[PDB]
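Next up: just one chain, as structure tokens, the form deposited in one PDB entry.
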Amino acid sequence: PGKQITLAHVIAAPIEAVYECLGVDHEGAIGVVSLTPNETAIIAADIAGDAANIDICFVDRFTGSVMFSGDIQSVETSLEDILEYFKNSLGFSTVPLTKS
């Protein structure tokens, strides 16, 4: 399993402690993404950030982690776009989108 997206998750209604942890304006969902190789977090962050309304929280190229905030709908589109591109273009094996 070379190129894998192992997580593409959305937190619809986060809590104070979750917002305070990331440093967000406590208004919107949070999209979380894990993929290998770890460096392609930079490419995932680019596609998530194309929405512009979406705010990039952190991009970790060492662990392969991306997080971003914004309206529930924008986050779902950003995750959906990441999964679709990486699958079709970059030939990744993607996991289904998940909600909490």
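By rigid core we mean the largest C-alpha set that fits within 1.5 Å across both forms. Shifts are known only where both forms have a C-alpha. Don't overthink the numbering: it's just position in the shown sequence, from 1.
- Between 45-53 and 63-71, the higher mean Cα B-factor belongs to 45-53.
- Legend: mean Cα B-factor per stretch from the PDB entry, 21-29 versus 75-83; the higher mean is in 21-29.
- Per the PDB record, residue ranking by Cα B-factor puts residue 11 in the lowest third of the chain.
Another form, the form deposited in another entry, is not on view; read the next lines as being about it.
- Relative to the superposed rigid core, the position of the CA of residue 19 differs between the shown form and the other one by 2 Å or more.
- Residue 7 is among the residues whose C-alpha shifts by 2 Å or more between the shown form and the other one once the rigid core is aligned.
- In the other form, the CA atoms of residue 62 and residue 8 sit closer together than in the displayed form, by at least 3 angstroms.
- Between residue 8 and residue 70, the Cα distance is greater in the other form than in this structure, by no less than 3 angstroms.
- Residue range 2-27 is the only run of 3 or more whose C-alphas all shift by 2 angstroms or more between the shown form and the other one once the rigid core is superposed.
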